[PDB]
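Undergrad: Structure below; questions to follow.
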Amino acid sequence: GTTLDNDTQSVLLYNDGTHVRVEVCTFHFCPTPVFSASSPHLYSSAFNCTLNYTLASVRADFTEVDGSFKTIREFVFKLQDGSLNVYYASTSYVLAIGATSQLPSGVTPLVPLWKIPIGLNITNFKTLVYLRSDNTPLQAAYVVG
Amino acid sequence: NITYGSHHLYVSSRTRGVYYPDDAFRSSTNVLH
Amino acid sequence: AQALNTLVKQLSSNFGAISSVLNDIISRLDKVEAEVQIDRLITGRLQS
Amino acid sequence: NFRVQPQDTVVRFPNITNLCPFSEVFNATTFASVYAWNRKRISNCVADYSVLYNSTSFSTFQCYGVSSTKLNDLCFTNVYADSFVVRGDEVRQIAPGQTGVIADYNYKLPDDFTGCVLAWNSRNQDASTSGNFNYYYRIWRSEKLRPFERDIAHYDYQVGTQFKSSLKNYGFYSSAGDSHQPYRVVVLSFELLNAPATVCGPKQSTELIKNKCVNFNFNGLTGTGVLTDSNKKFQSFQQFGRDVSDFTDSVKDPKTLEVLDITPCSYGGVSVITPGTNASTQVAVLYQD
Amino acid sequence: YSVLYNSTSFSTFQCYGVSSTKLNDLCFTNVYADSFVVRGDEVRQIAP
Ligand SMILES: *[C@@H]1O[C@H](CO)[C@@H](O[C@@H]2O[C@H](CO)[C@@H](O[C@@H]3O[C@H](CO[C@H]4O[C@H](CO)[C@@H](O)[C@H](O[C@H]5O[C@H](CO)[C@@H](O)[C@H](O)[C@@H]5O)[C@@H]4O)[C@@H](O)[C@H](O)[C@@H]3O)[C@H](O)[C@H]2NC(C)=O)[C@H](O)[C@H]1NC(C)=O
Ligand SMILES: C=CC1=C(C)/C(=C/c2[nH]c(/C=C3N=C(/C=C4\NC(=O)C(C)=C4C=C)C(C)=C\3CCC(=O)O)c(CCC(=O)O)c2C)NC1=O
Ligand SMILES: *[C@@H]1O[C@H](CO)[C@@H](O[C@@H]2O[C@H](CO)[C@@H](O)[C@H](O)[C@H]2NC(C)=O)[C@H](O)[C@H]1NC(C)=O
Ligand SMILES: *[C@@H]1O[C@H](CO)[C@@H](O[C@@H]2O[C@H](CO)[C@@H](O)[C@H](O)[C@H]2NC(C)=O)[C@H](O)[C@H]1NC(C)=O
Ligand SMILES: *[C@@H]1O[C@H](CO)[C@@H](O[C@@H]2O[C@H](CO)[C@@H](O)[C@H](O)[C@H]2NC(C)=O)[C@H](O)[C@H]1NC(C)=O
Ligand SMILES: CCCCC/C=C/C/C=C/CCCCCCCC(=O)O
Ligand SMILES: *[C@@H]1O[C@H](CO)[C@@H](O)[C@H](O)[C@H]1NC(C)=O
Ligand SMILES: *[C@@H]1O[C@H](CO)[C@@H](O)[C@H](O)[C@H]1NC(C)=O
Ligand SMILES: *[C@@H]1O[C@H](CO)[C@@H](O)[C@H](O)[C@H]1NC(C)=O
């Protein structure tokens, strides 16, 4: 979105656990939008909502996995004529917990996944994560370029 | 709600973010885009 | 020297476009009808 | 060079059993306001459009990036239908490279727009004797809209020293003049011959003929060549393949999802050997290759 | 010309030698305004 509050429309693209849903609605967002216990704690309300459908049916659980980092999931988001184009590729990347933080070497091409007709001005974005039942963040990392 | 503090670094992108620029199949070629 | 100076002087040719200056075409027209004039200039300058 | 003429015709379209919702997008009970224009996703349907000849007629049918007469033989990728109500004199603003209140602040088309713009007079459906005030348009935005961008937020703006709403009400009266009468506008946007498609014209696709010079038609892309089985693996977002020149040398068949190589029919150097005219009429032909 | 958005609507607006979207970023030399009244079917005759 642009201001990420209830005077403008915002795009809500996320995985609820069984599906990938995109919602372009006017969200009264929480001060920190975050999943708590595989339950949405993202917005208080959403009224003027122009787009609401599921993009894909993938089974992503909310279970903590012990050990080191296993995979890297890379995304490219770009706006082209009012549509949000998503490019995606996932690669096996074994990175230790206390190791030096760096991106993998080589080239992994990202395939075009979706073209979402949001029809919005996008100047800012925020990341949605999930915590444990006691609202404690998990072991993860994300990169923005 | 959450007051756990933040942590940010500045790593380099070592040839990451390459995507297919079009939907055309190509093989055994070098293409400018 | 004459070949290089003739190459310099031939940039003033319109080549059938509304102007020989790219800046004039870009300033007057949007990117649907500036494109044809720019393409005419590109073809002419590549020919030169 | 030795030419081989095509003998058969191969048409391969994806198998679609449904007509496109022409009555849903052209005969809808309500149309959106132009500032809050509705976009409808169109997929897995046959774009016949000759079923509209019986009932409806259009004042504007400008098409961009494609000829109107070629629409029946094509397949369309990423089809959207944008519907709104605009005034009669603002219909011409629904075009690429236009300025005006609608094009700046309500609905902007791309400069490289591919698609068709449809419009028809919507009096006695959106106009009343006492006046219809259910349609709104933006009057000010502080920034011109980007193509296919929508702004439905409610905010005020400063006119002199007071603050007025940026949304202005359409006054649609019966017998108000054709320039001030309501018009329903449908904008169809798509891309052609570059990606897998699910919306196609009525073409009655035929069987696959291989190892012969045929006139093919794959998802609207016509041509002449020889179809052969290919050991190419398309990556499920690709429909056509290109060689080092921009030439379609392979295609994914839309019914059986296998890749077929496309090979030109004409090949091989040919030269003729003759003595002089008025010495002989016999010739010898050297078929290289 | 955006002050006319509140009150005035034009059934015909065609620009020659310049894109209409480029009018806000340009300066104009020797500007004249010719005004008259014709019939409805004679508006098409006001063109080169
Ligand atoms: C698209 O995304 C962007 C980002 O959110 C949104 O548009 C931009 O929003 C930003 C804020 O983040 C604006 O930035 C500020 O805007 C002001 C511009 O000042 C104009 O408006 C004032 C009040 O409306 C007015 O006083 C002022 O007048 C001045 O200029 C006049 C001539 O223009 C002159 O007559 C006057 O004397 C006076 O000098 C201006 O008209 C201002 O506070 C700051 O300077 C700053 O720029 C941007 O303006 C917005 N972008 C653009 C290109 O204008 C936008 O909402 C998003 N869209 C959606 C749907 O969310
Ligand atoms: C939110 C966006 C999102 C995207 C872009 C996405 C794409 C995506 N995720 C997949 C698998 C998957 N990807 C994930 C999980 C994720 N991968 C992610 O990109 C993210 C953010 C998660 C976690 C929420 C898992 C667990 C699977 C399923 C693997 C399987 O079923 O074998 C696949 C492969 C599907 C297949 O091979 O049939 C795609 C295309 N999944 C998503 O959830
Ligand atoms: C988008 O659509 C989904 C699916 O219809 C909505 O989720 C439903 O919300 C209602 C009301 O809270 C629940 O009773 C249903 O159980 C939900 N269904 C599913 C499948 O989760 C969702 O609320 C919509 N989003 C909006 C309006 O912002
Ligand atoms: C568009 O919808 C209207 C309203 O349903 C249709 O008008 C009806 O047409 C039928 C068939 O001619 C008549 O029997 C009804 O009396 C009409 N009115 C109503 C209120 O139902 C109209 O025909 C539709 N047009 C198309 C092309 O489907
Ligand atoms: C809306 O229309 C009004 C007139 O109906 C315009 O407001 C006037 O604008 C002039 C400058 O052109 C100012 O000097 C006046 O003070 C304004 N009038 C009042 C009563 O304040 C206005 O420009 C239009 N607004 C738009 C097009 O955004
Ligand atoms: C008093 C006229 C002064 C002319 C100055 C030089 C001309 C440059 C501006 C030309 C635009 C004139 C108004 C066009 C309004 C279009 C709005 C619409 O599409 O409805
Ligand atoms: C919109 O957000 C403001 C600021 O947080 C809040 O006071 C108001 O109640 C919200 N309104 C709605 C309808 O959500
Ligand atoms: C936006 O929401 C407001 C408040 O609910 C409503 O009055 C208005 O009509 C809505 N606008 C739309 C749906 O375009
Ligand atoms: C229809 O197309 C599908 C595409 O998956 C294909 O599997 C199927 O065989 C086709 N139907 C017929 C009758 O050929």
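The chains in the structure tokens are called A, B, ... from first to last as shown; in each chain the residues are counted from 1, and the ligands are counted from 1 in the order shown.
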Counting only C-alpha atoms and all ligand atoms, what are the residues, protein, DNA or RNA alike, that approach ligand 6 to within 7 Å? I want them as an MDAnalysis selection string.

TA: (chainID D and resid 93 99:101) or (chainID E and resid 1:2 4:5 8:10 13 23 28 31 33)

Undergrad: Could you pull out the strand (DSSP E or B) residues of range 203-243 of chain D, going by DSSP on the backbone, and write them as JSON, numbers by chain?

TA: {"D": [213, 214, 215, 216, 217, 218, 221, 222, 223, 224, 225, 226, 227, 228, 229, 240, 241, 242]}

Undergrad: Return as CSV the residues of chain D lying at most 10 Å from chain E, together with the closest atom-to-atom pair for each and the distance in Å to one decimal, counting only C-alpha atoms, with rows in chain order and ascending residue number.

TA:
residue,atom,partner,partner_atom,distance
D:87,CA,E:9,CA,9.2
D:88,CA,E:11,CA,7.7
D:89,CA,E:11,CA,4.4
D:90,CA,E:11,CA,7.2
D:91,CA,E:11,CA,8.8
D:92,CA,E:11,CA,8.0
D:93,CA,E:13,CA,9.2
D:97,CA,E:21,CA,6.5
D:98,CA,E:21,CA,6.3
D:99,CA,E:21,CA,5.5
D:100,CA,E:5,CA,7.4
D:101,CA,E:5,CA,5.8
D:102,CA,E:5,CA,9.4
D:103,CA,E:21,CA,9.7
D:104,CA,E:21,CA,9.1
D:138,CA,E:5,CA,9.8
D:139,CA,E:5,CA,6.8
D:140,CA,E:5,CA,8.7
D:168,CA,E:6,CA,8.6
D:178,CA,E:11,CA,9.8
D:179,CA,E:11,CA,6.5
D:180,CA,E:9,CA,8.9

Undergrad: Write the residues of the selection above to a file with C-alpha atoms, as a short mmCIF file (atom, residue, chain, number, x, y, z; two decimals), in the first residue's frame.

TA:
data_model
loop_
_atom_site.label_atom_id
_atom_site.label_comp_id
_atom_site.auth_asym_id
_atom_site.auth_seq_id
_atom_site.Cartn_x
_atom_site.Cartn_y
_atom_site.Cartn_z
CA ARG D 87 -20.94 11.04 -19.44
CA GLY D 88 -21.52 11.12 -23.18
CA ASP D 89 -18.82 13.70 -23.89
CA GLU D 90 -16.29 11.82 -21.74
CA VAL D 91 -16.44 8.58 -23.76
CA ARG D 92 -13.68 9.87 -26.06
CA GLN D 93 -11.46 10.22 -22.97
CA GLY D 97 -2.92 9.23 -24.56
CA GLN D 98 -5.96 11.25 -23.50
CA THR D 99 -6.37 14.10 -21.04
CA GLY D 100 -9.45 15.37 -19.27
CA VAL D 101 -11.09 14.81 -15.89
CA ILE D 102 -11.79 11.09 -16.43
CA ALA D 103 -8.40 10.25 -17.95
CA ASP D 104 -6.47 12.18 -15.30
CA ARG D 138 -13.36 12.30 -9.22
CA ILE D 139 -12.60 15.98 -9.71
CA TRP D 140 -9.09 16.28 -8.20
CA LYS D 168 -18.66 15.09 -7.76
CA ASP D 178 -26.71 13.18 -25.82
CA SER D 179 -23.45 14.74 -24.59
CA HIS D 180 -24.84 14.87 -21.03
#

Undergrad: Which residues come within 12 Å of residue 5 in chain B, counting only C-alpha atoms, excluding same-chain residues fewer than 4 positions away, as a PyMOL selection string?

TA: (chain A and resi 136-137) or (chain B and resi 1)

Undergrad: Give as a ChimeraX atom specification the residues surrounding ligand 9 up to a distance of 6 Å, considering only C-alpha atoms and all ligand atoms.

TA: /D:15,255-256

Undergrad: Residues as selected, C-alpha atoms, written as a short mmCIF file (atom, residue, chain, number, x, y, z; two decimals), in the first residue's frame, can you do that?

TA:
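And here's again32.cif as it stands now:
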data_model
loop_
_atom_site.label_atom_id
_atom_site.label_comp_id
_atom_site.auth_asym_id
_atom_site.auth_seq_id
_atom_site.Cartn_x
_atom_site.Cartn_y
_atom_site.Cartn_z
CA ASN D 15 -10.85 -27.12 -25.53
CA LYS D 255 -4.99 -29.93 -26.07
CA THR D 256 -2.26 -32.53 -25.57
#

Undergrad: Residues of chain A within 8 Å of chain B, using only C-alpha atoms, as a compact mmCIF listing (two decimals) with N, CA and C atoms, in the first residue's frame?

TA:
# COMPACT_ATOMS: atom_id res chain seq x y z
N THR A 32 0.98 -3.71 14.76
CA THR A 32 1.93 -4.69 14.24
C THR A 32 1.09 -5.85 13.70
N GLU A 74 12.82 -16.97 -2.81
CA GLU A 74 13.08 -15.66 -3.39
C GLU A 74 11.86 -15.17 -4.17
N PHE A 75 11.59 -13.88 -4.05
CA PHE A 75 10.44 -13.25 -4.69
C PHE A 75 10.88 -11.99 -5.40
N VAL A 76 10.19 -11.68 -6.50
CA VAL A 76 10.32 -10.39 -7.17
C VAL A 76 8.91 -9.84 -7.33
N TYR A 87 7.20 -13.07 -9.11
CA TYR A 87 8.12 -14.08 -9.60
C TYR A 87 8.66 -14.85 -8.41
N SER A 101 25.65 -14.23 7.86
CA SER A 101 24.45 -14.00 7.06
C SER A 101 24.86 -13.54 5.67
N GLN A 102 24.58 -14.36 4.66
CA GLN A 102 24.88 -14.01 3.28
C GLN A 102 23.95 -14.78 2.36
N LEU A 103 23.74 -14.21 1.18
CA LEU A 103 22.92 -14.83 0.15
C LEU A 103 23.70 -15.95 -0.54
N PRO A 104 23.01 -16.92 -1.15
CA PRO A 104 23.72 -18.00 -1.85
C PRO A 104 24.43 -17.50 -3.10
N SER A 105 25.42 -18.27 -3.53
CA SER A 105 26.13 -18.01 -4.76
C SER A 105 25.39 -18.63 -5.95
N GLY A 106 25.75 -18.18 -7.14
CA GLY A 106 25.14 -18.70 -8.35
C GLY A 106 23.89 -17.95 -8.75
N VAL A 107 23.24 -18.47 -9.78
CA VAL A 107 22.05 -17.87 -10.36
C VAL A 107 20.91 -18.87 -10.26
N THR A 108 19.81 -18.47 -9.64
CA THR A 108 18.58 -19.26 -9.62
C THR A 108 17.48 -18.45 -10.29
N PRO A 109 16.99 -18.86 -11.46
CA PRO A 109 15.97 -18.06 -12.14
C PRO A 109 14.61 -18.18 -11.47
N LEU A 110 13.92 -17.05 -11.37
CA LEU A 110 12.60 -16.99 -10.77
C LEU A 110 11.55 -17.06 -11.88
N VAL A 111 10.62 -18.00 -11.76
CA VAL A 111 9.60 -18.18 -12.78
C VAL A 111 8.43 -17.23 -12.49
N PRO A 112 7.73 -16.74 -13.51
CA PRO A 112 6.56 -15.89 -13.26
C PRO A 112 5.41 -16.71 -12.69
N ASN A 135 3.61 -15.39 21.77
CA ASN A 135 4.02 -14.21 20.99
C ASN A 135 5.53 -14.00 21.02

Undergrad: Name the residues, by chain letter and number, that sit within 10 Å of ligand 4 using only C-alpha atoms and all ligand atoms, and give them as a ChimeraX atom specification.

TA: /D:22-24,26-29,51-56

Undergrad: Can those selected residues be exported to a file as an mmCIF file, in the first residue's frame so that it contains C-alpha atoms?

TA:
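Full text of again14.cif as output:
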data_model
loop_
_atom_site.group_PDB
_atom_site.id
_atom_site.type_symbol
_atom_site.label_atom_id
_atom_site.label_comp_id
_atom_site.auth_asym_id
_atom_site.auth_seq_id
_atom_site.Cartn_x
_atom_site.Cartn_y
_atom_site.Cartn_z
ATOM 1 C CA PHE D 22 -21.504 -11.295 -22.310
ATOM 2 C CA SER D 23 -24.835 -10.928 -20.506
ATOM 3 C CA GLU D 24 -23.080 -10.586 -17.144
ATOM 4 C CA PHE D 26 -23.013 -6.004 -20.837
ATOM 5 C CA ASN D 27 -26.496 -6.594 -19.380
ATOM 6 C CA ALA D 28 -25.673 -6.144 -15.696
ATOM 7 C CA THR D 29 -28.324 -4.416 -13.604
ATOM 8 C CA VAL D 51 -24.556 -13.469 -29.754
ATOM 9 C CA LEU D 52 -24.617 -9.723 -29.030
ATOM 10 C CA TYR D 53 -25.841 -8.928 -32.558
ATOM 11 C CA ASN D 54 -29.436 -9.828 -31.659
ATOM 12 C CA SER D 55 -29.871 -7.487 -28.694
ATOM 13 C CA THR D 56 -27.226 -4.816 -28.086
#

Undergrad: Could I get the residue neighbourhood of ligand 8 at 6 Å, counting only C-alpha atoms and all ligand atoms, as a VMD selection string?

TA: (chain A and resid 48) or (chain D and resid 36 152)

Undergrad: Find the residues near ligand 1. Use a cut-off of 7 Å, count only C-alpha atoms and all ligand atoms, and write them as number ranges by chain.

TA: A: 2-3, 8, 120-123; D: 142-143, 150-151, 157

Undergrad: Store the residues picked out above, limited to N, CA, C and O atoms, as a PDB file, in the first residue's frame.

TA:
ATOM      1  N   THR A   2       0.246   2.353   0.417  1.00  0.00           N
ATOM      2  CA  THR A   2       0.930   3.636   0.518  1.00  0.00           C
ATOM      3  C   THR A   2       1.083   4.081   1.966  1.00  0.00           C
ATOM      4  O   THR A   2       2.199   4.333   2.425  1.00  0.00           O
ATOM      5  N   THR A   3      -0.022   4.175   2.705  1.00  0.00           N
ATOM      6  CA  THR A   3       0.009   4.603   4.094  1.00  0.00           C
ATOM      7  C   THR A   3      -0.311   3.485   5.075  1.00  0.00           C
ATOM      8  O   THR A   3      -0.064   3.654   6.275  1.00  0.00           O
ATOM      9  N   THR A   8      -6.757   4.612   2.938  1.00  0.00           N
ATOM     10  CA  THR A   8      -6.376   4.162   1.608  1.00  0.00           C
ATOM     11  C   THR A   8      -6.568   2.656   1.529  1.00  0.00           C
ATOM     12  O   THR A   8      -6.640   1.965   2.547  1.00  0.00           O
ATOM     13  N   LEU A 120      -3.631  -0.378  -7.666  1.00  0.00           N
ATOM     14  CA  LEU A 120      -3.329   0.465  -6.520  1.00  0.00           C
ATOM     15  C   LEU A 120      -1.962   1.113  -6.677  1.00  0.00           C
ATOM     16  O   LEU A 120      -1.100   0.630  -7.416  1.00  0.00           O
ATOM     17  N   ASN A 121      -1.774   2.224  -5.969  1.00  0.00           N
ATOM     18  CA  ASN A 121      -0.449   2.800  -5.798  1.00  0.00           C
ATOM     19  C   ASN A 121       0.263   2.047  -4.686  1.00  0.00           C
ATOM     20  O   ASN A 121      -0.252   1.954  -3.567  1.00  0.00           O
ATOM     21  N   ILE A 122       1.431   1.493  -4.990  1.00  0.00           N
ATOM     22  CA  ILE A 122       2.242   0.795  -4.003  1.00  0.00           C
ATOM     23  C   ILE A 122       3.540   1.569  -3.853  1.00  0.00           C
ATOM     24  O   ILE A 122       4.361   1.607  -4.778  1.00  0.00           O
ATOM     25  N   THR A 123       3.725   2.194  -2.691  1.00  0.00           N
ATOM     26  CA  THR A 123       4.967   2.871  -2.359  1.00  0.00           C
ATOM     27  C   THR A 123       5.676   2.275  -1.156  1.00  0.00           C
ATOM     28  O   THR A 123       6.874   2.520  -0.988  1.00  0.00           O
TER      29      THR A 123
ATOM     30  N   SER D 142      -4.448  15.478  -6.769  1.00  0.00           N
ATOM     31  CA  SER D 142      -3.079  15.953  -6.515  1.00  0.00           C
ATOM     32  C   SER D 142      -2.035  15.242  -7.364  1.00  0.00           C
ATOM     33  O   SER D 142      -0.860  15.619  -7.312  1.00  0.00           O
ATOM     34  N   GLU D 143      -2.425  14.250  -8.160  1.00  0.00           N
ATOM     35  CA  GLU D 143      -1.515  13.461  -8.975  1.00  0.00           C
ATOM     36  C   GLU D 143      -2.342  12.712 -10.006  1.00  0.00           C
ATOM     37  O   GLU D 143      -3.374  12.127  -9.664  1.00  0.00           O
ATOM     38  N   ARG D 150      -6.728   2.596  -9.508  1.00  0.00           N
ATOM     39  CA  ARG D 150      -8.031   2.924  -8.951  1.00  0.00           C
ATOM     40  C   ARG D 150      -7.860   3.636  -7.618  1.00  0.00           C
ATOM     41  O   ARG D 150      -7.030   3.240  -6.794  1.00  0.00           O
ATOM     42  N   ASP D 151      -8.650   4.687  -7.411  1.00  0.00           N
ATOM     43  CA  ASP D 151      -8.633   5.465  -6.175  1.00  0.00           C
ATOM     44  C   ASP D 151     -10.070   5.624  -5.700  1.00  0.00           C
ATOM     45  O   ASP D 151     -10.839   6.389  -6.288  1.00  0.00           O
ATOM     46  N   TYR D 157     -10.657  18.516  -0.636  1.00  0.00           N
ATOM     47  CA  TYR D 157      -9.574  19.320  -1.178  1.00  0.00           C
ATOM     48  C   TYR D 157      -9.962  20.788  -1.121  1.00  0.00           C
ATOM     49  O   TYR D 157     -11.141  21.139  -1.036  1.00  0.00           O
TER      50      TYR D 157
END

Undergrad: Per residue of chain D within 8 Å of ligand 5, what are the shortest atom pair and its distance in Å to one decimal, counting only C-alpha atoms and all ligand atoms, with rows by chain and residue number, as CSV?

TA:
residue,atom,partner,partner_atom_place_in_ligand_line,distance
D:139,CA,ligand 5,28 (O),6.1
D:140,CA,ligand 5,28 (O),5.6
D:159,CA,ligand 5,21 (O),5.1
D:160,CA,ligand 5,21 (O),4.1
D:161,CA,ligand 5,21 (O),6.3
D:162,CA,ligand 5,21 (O),6.7
D:166,CA,ligand 5,28 (O),7.9
